[PDB]
There are 2 protein chains.
Amino acid sequence: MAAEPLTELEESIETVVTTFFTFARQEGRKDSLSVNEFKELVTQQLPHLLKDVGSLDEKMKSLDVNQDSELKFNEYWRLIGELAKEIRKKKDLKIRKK
Amino acid sequence: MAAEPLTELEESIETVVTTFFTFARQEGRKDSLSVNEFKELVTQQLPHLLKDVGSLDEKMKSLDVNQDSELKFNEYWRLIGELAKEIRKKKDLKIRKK
């Protein structure tokens with residue numbers, strides 16, 4: 001249900017935050033996942049291409065440091081930002097390729 | 001969720017990158033808006049609560065530096081992440097405020 005003045009931006013954000021809950025049916029969810037875990041999840045969740053250059057390296061070292069650490073939603077954010085900045089959907093990603 | 005075999009996580013990312021285009025009409029966008037502009041636009045898009053403390057500071061100065069300048073999706077990402085860090089909607093999201 002909904003009855004709030006949401007807008008597409010808000011909707012994107014509410015989707016992300018709720019998706020930590022609706023991860024793959026996940027009760028007792030804390031914040032986000034673990035850091036390396038996250039890296040392995042995103043490459044799965046994004047089947048599209050994984051061309052990943054530039055921030056690939058940045059993120060790789062960031063995980064390498066202490067991936068044992070928990071990730072948290074705000075940091076997750078930056079990291080998937082970097083992931084978009086890496087894996088740039090050509091236009092119509094849902095096309096798969098053709 | 002979609003049909004290539006992409007998951008809800010990736011689903012959110014395509015929605016964000018889309019929504020730069022589906023912002024407020026232009027014949028194909030660049031990367032994001034101007035920094036300051038971006039901050040006001042997200043404020044407008046998120047009427048939800050706007051309690052904004054913590055990353056209010058990080059983000060305020062981050063904008064201030066050269067807030068005029070063109071923002072790109074990379075920076076934008078972190079910044080809306082910080083916005084989630086700030087407005088920690090969490091539970092009472094669709095509950096709005098009143």
# chains A, B, ... in the order shown; residues from 1 in each chain; ligands from 1
call {"tool": "residues_around", "arguments": {"residues": "residue 56 (chain A)", "least_positions_apart": "6", "cutoff": "8 Å", "atoms": "only C-alpha atoms", "output": "ChimeraX atom specification"}}
result
/A:82-83,86
call {"tool": "write_last_selection", "arguments": {"atoms": "N, CA and C atoms", "output": "PDB file, in the first residue's frame"}}
result
ATOM      1  N   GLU A  82      29.895   3.576  -7.526  1.00  0.00           N
ATOM      2  CA  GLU A  82      31.088   3.148  -8.223  1.00  0.00           C
ATOM      3  C   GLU A  82      30.764   2.012  -9.202  1.00  0.00           C
ATOM      4  N   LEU A  83      29.967   1.023  -8.790  1.00  0.00           N
ATOM      5  CA  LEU A  83      29.559  -0.030  -9.709  1.00  0.00           C
ATOM      6  C   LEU A  83      28.843   0.518 -10.952  1.00  0.00           C
ATOM      7  N   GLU A  86      31.419   2.092 -13.108  1.00  0.00           N
ATOM      8  CA  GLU A  86      32.083   0.971 -13.765  1.00  0.00           C
ATOM      9  C   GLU A  86      31.168   0.427 -14.879  1.00  0.00           C
TER      10      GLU A  86
END
call {"tool": "interface_residues", "arguments": {"of": "chain A", "to": "chain B", "cutoff": "10 Å", "atoms": "only C-alpha atoms", "output": "PyMOL selection string"}}
result
chain A and resi 1-20+22-24+41-48+72-86+88-89+91-97
call {"tool": "write_last_selection", "arguments": {"atoms": "C-alpha atoms", "output": "PDB file, in the first residue's frame"}}
result
ATOM      1  CA  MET A   1       0.000   0.000   0.000  1.00  0.00           C
ATOM      2  CA  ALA A   2       1.090   3.664  -0.329  1.00  0.00           C
ATOM      3  CA  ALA A   3      -0.404   7.082   0.474  1.00  0.00           C
ATOM      4  CA  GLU A   4       2.625   9.416   0.613  1.00  0.00           C
ATOM      5  CA  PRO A   5       3.900  12.188  -1.707  1.00  0.00           C
ATOM      6  CA  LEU A   6       6.710   9.978  -3.043  1.00  0.00           C
ATOM      7  CA  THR A   7       8.573  10.948  -6.249  1.00  0.00           C
ATOM      8  CA  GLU A   8      10.778   8.694  -8.486  1.00  0.00           C
ATOM      9  CA  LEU A   9      13.950   9.663  -6.576  1.00  0.00           C
ATOM     10  CA  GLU A  10      12.292   8.874  -3.210  1.00  0.00           C
ATOM     11  CA  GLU A  11      10.875   5.692  -4.775  1.00  0.00           C
ATOM     12  CA  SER A  12      14.365   4.603  -5.881  1.00  0.00           C
ATOM     13  CA  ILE A  13      15.684   5.149  -2.363  1.00  0.00           C
ATOM     14  CA  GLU A  14      12.749   3.423  -0.600  1.00  0.00           C
ATOM     15  CA  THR A  15      13.231   0.525  -3.043  1.00  0.00           C
ATOM     16  CA  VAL A  16      16.949   0.233  -2.155  1.00  0.00           C
ATOM     17  CA  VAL A  17      16.387   0.386   1.618  1.00  0.00           C
ATOM     18  CA  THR A  18      13.437  -2.046   1.516  1.00  0.00           C
ATOM     19  CA  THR A  19      15.461  -4.380  -0.766  1.00  0.00           C
ATOM     20  CA  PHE A  20      17.950  -4.940   2.100  1.00  0.00           C
ATOM     21  CA  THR A  22      13.505  -8.062   0.575  1.00  0.00           C
ATOM     22  CA  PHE A  23      17.000  -9.367  -0.207  1.00  0.00           C
ATOM     23  CA  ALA A  24      15.926 -12.961  -0.801  1.00  0.00           C
ATOM     24  CA  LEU A  41      26.400 -10.464  -4.585  1.00  0.00           C
ATOM     25  CA  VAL A  42      26.491  -7.385  -6.858  1.00  0.00           C
ATOM     26  CA  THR A  43      28.352  -9.229  -9.670  1.00  0.00           C
ATOM     27  CA  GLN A  44      25.590 -11.884  -9.429  1.00  0.00           C
ATOM     28  CA  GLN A  45      22.646  -9.449  -9.195  1.00  0.00           C
ATOM     29  CA  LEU A  46      24.097  -7.535 -12.178  1.00  0.00           C
ATOM     30  CA  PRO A  47      24.243 -10.253 -14.916  1.00  0.00           C
ATOM     31  CA  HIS A  48      24.522  -7.559 -17.595  1.00  0.00           C
ATOM     32  CA  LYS A  72      26.333  -0.558   5.870  1.00  0.00           C
ATOM     33  CA  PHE A  73      23.682   0.937   3.585  1.00  0.00           C
ATOM     34  CA  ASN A  74      25.270   4.405   3.217  1.00  0.00           C
ATOM     35  CA  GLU A  75      28.653   2.871   2.286  1.00  0.00           C
ATOM     36  CA  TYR A  76      26.993   0.202   0.130  1.00  0.00           C
ATOM     37  CA  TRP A  77      25.483   3.226  -1.626  1.00  0.00           C
ATOM     38  CA  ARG A  78      28.840   4.795  -2.643  1.00  0.00           C
ATOM     39  CA  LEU A  79      30.088   1.323  -3.691  1.00  0.00           C
ATOM     40  CA  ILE A  80      27.128   0.569  -6.024  1.00  0.00           C
ATOM     41  CA  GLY A  81      27.574   4.166  -7.261  1.00  0.00           C
ATOM     42  CA  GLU A  82      31.088   3.148  -8.223  1.00  0.00           C
ATOM     43  CA  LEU A  83      29.559  -0.030  -9.709  1.00  0.00           C
ATOM     44  CA  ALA A  84      27.263   2.057 -12.000  1.00  0.00           C
ATOM     45  CA  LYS A  85      30.311   4.267 -12.815  1.00  0.00           C
ATOM     46  CA  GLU A  86      32.083   0.971 -13.765  1.00  0.00           C
ATOM     47  CA  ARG A  88      27.634   1.585 -17.613  1.00  0.00           C
ATOM     48  CA  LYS A  89      24.429   0.113 -19.070  1.00  0.00           C
ATOM     49  CA  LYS A  91      21.158   2.137 -22.814  1.00  0.00           C
ATOM     50  CA  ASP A  92      18.579  -0.659 -22.595  1.00  0.00           C
ATOM     51  CA  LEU A  93      20.246  -3.190 -20.246  1.00  0.00           C
ATOM     52  CA  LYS A  94      17.125  -5.432 -20.105  1.00  0.00           C
ATOM     53  CA  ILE A  95      17.853  -6.272 -23.793  1.00  0.00           C
ATOM     54  CA  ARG A  96      20.519  -8.636 -22.296  1.00  0.00           C
ATOM     55  CA  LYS A  97      22.640  -7.937 -25.398  1.00  0.00           C
TER      56      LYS A  97
END
call {"tool": "calpha_fit_rmsd", "arguments": {"fixed": "chain B", "moving": "chain A"}}
result
1.8 Å
call {"tool": "atom_distance", "arguments": {"atom1": "CA of residue 36 (chain A)", "atom2": "CA of residue 49 (chain A)"}}
result
19.5 Å
